Amino acid sequence: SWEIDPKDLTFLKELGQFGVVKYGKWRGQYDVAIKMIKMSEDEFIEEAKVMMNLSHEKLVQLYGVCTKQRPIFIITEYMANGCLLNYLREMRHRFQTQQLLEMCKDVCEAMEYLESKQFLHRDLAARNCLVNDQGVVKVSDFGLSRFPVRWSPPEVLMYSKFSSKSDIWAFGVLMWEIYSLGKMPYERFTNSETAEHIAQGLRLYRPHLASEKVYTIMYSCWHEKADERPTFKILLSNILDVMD
Ligand SMILES: Cc1nc(Nc2ncc(C(=O)Nc3c(C)cccc3Cl)s2)cc(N2CCN(CCO)CC2)n1
């Protein structure tokens, strides 16, 4: 039903953090990314099934799967501009602040949807987002859960207390990364000293390109008390409001 005939794929080039992925052509027309296993065959297939059951404008769009033979493939839309972190660096001289805001908005819409479906991302960060030829940012729904020190809240670092609210903290850091055009958070510190200082209440300082209004949004994501952080729904509203 989601099954694709592998005969209609043409492999064009190998493309890290997104696994074993190649650029291809589907039915001579459609640019695709084609994923193969690097995980057991069983869990790769169950990942594909998670993807079959999730759908949003800001999740990388599943086109189909090949599971009736080996090797197993997962097929999605090709995101031509690659990973967000490298894209921020590539285009750093060009961005206008409205664009930075739309990128935050894109990822925030994906996360509101995933929150609503009781999935946690668990590595929400610029390196793990993809960008299409239109500049639209999307998130992967492969490998979701139902600890990157610089993107984790204290309750995760200390207690492995993962929740919507821990993805909220990471989304704040991702906002900081976007507004800093891909700089490393807490550059001054080792991972260990980062974990240390954050529990002591260290927060990321306002990037050059973030207005006070925008900073207020990312900063709300980092409340010590998880229950004082906003939901992705509230975040999107705040982001939309600051947009006009
Ligand atoms: C690593 C990488 N991927 C790119 N595009 C992708 N589109 C969709 C991808 C993907 O992984 N789908 C997927 C699958 C298949 C299964 C489960 C889950 C998912 Cl999300 S990977 C582009 C790219 N480029 C290198 C540098 N460039 C400079 C141009 O500005 C050209 C672009 N590099």
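A brief report on the enclosed structure follows.

What counts and how
Numbers attached to residues count from 1 within each chain as its sequence is written and can disagree with those in the entry; no residue without coordinates is shown. Side-chain measures here rest on the full set of heavy atoms in the structure, leaving out hydrogens and waters. Residues with missing side-chain atoms are left out of burial classes, side-chain pairs and their counts. To define axes, lines are fitted to C-alpha atoms, for helices over the stretch in contact only, and angles between the resulting N-to-C directions are given on a 0 to 180 degree scale. A run of H or I in DSSP becomes a helix once it reaches four residues, and a run of E becomes a strand once it reaches two; helices and strands are each numbered from the N terminus. These descriptions rest on fixed angle ranges, namely under 35 degrees for roughly parallel, over 145 for roughly antiparallel, 65 to 115 for roughly perpendicular, and the rest for oblique. Put simply, a crossing is left-handed when the front helix is turned counterclockwise from the back one by less than a right angle, and right-handed when it is turned clockwise. Should any heavy atoms of two residues lie within 4.5 Å, those residues are considered in contact. Charged means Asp, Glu, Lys or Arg here, nonpolar means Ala, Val, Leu, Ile, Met, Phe, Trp, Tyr, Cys or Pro, and polar covers whatever is left, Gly included. Here, nonpolar core refers to any group of buried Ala, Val, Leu, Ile, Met, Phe, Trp, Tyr and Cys residues whose side-chain atoms link them within 4.5 Å. Burial classes: relative accessible area under 20% of the type maximum marks a residue as buried, over 50% as exposed, and values in between as partly exposed (1.4 Å probe, protein chains only). Using protein atoms alone on a 1 Å grid, points that fit a 1.4 Å probe yet trap it form a cavity, whereas open point sets bounded by protein on both sides within 12 Å along at least five of seven lines form a pocket; residues with an atom within 4 Å of a point count as lining. Grid points are joined across faces, edges and corners, and a volume is the space filled by probe spheres set on the points. Strand pairing requires that DSSP identify at least two bridges connecting the strands.

Looking now at the packing of helix α3 (residues 97-116) against helix α5 (residues 164-179). The geometry of α3 relative to α5 is characterised by a closest axis approach of 10 Å and an angle of 165° between their N-to-C directions. It follows that α3 is roughly antiparallel to α5 by the angle criterion. Between α3 and α5 the crossing geometry is right-handed. Counted together, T97, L100, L101, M103, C104, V107, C108, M111 and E115 of α3 and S164, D167, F171, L174, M175, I178 and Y179 of α5 form the full contact between these two elements. Residue classes in the contact of α3 with α5 are distributed as 12 nonpolar, 2 polar and 2 charged.

The next subject is unusual backbone geometry. Note the cis peptide between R70 and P71, where omega equals 5°. When you line up the elements, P71 lands in the loop between β4 (62-66) and β5 (73-77). Its identity as a non-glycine residue notwithstanding, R122 has a phi of 70°, on the positive side. Despite not being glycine, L181 has its phi angle at roughly 55°, a positive value. If you trace the backbone, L181 turns up in the loop between α5 and α6 (191-199).

Quick look at the nonpolar core now. Looking at soluble globular proteins, one finds that nonpolar side chains tend to be buried together. In terms of nonpolar packing, the biggest core is built from 53 residues, with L84 and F171 touching the most fellow members. Elements with a contribution of two residues or more to this core: α2 (84-90), α3, β6 (129-131), β7 (137-139), α5, α7 (212-220) and α8 (232-243). Ignoring sequence-local partners within four residues, the contact set of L84 consists of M103, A126, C129, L130, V131, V137, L174 and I178.

Bringing empty space enclosed by the protein into the picture now. Empty space left among the atoms is revealed by rolling a probe the size of a water molecule over them. The computed volume of the second largest cavity comes to approximately 30 Å³. Lining the second largest cavity are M111, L114, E115, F119, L120, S164, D167 and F232. Elements with a contribution of two residues or more to the lining of the second largest cavity: α3 and α5. It is α3 that provides the largest number of residues to the lining of the second largest cavity, a total of 3 residues.

To continue, consider the pairing of β4. Among the 5 residues of β4, 4 are classified as buried, and the element is accordingly described as predominantly covered. Relative to β5, β4 runs antiparallel, the two sharing 4 bridges. Paired with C66 across the bridge in β5 is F73. With antiparallel pairing between neighbouring strands as the criterion, β4 and β5 make up a hairpin whose turn holds 6 residues.

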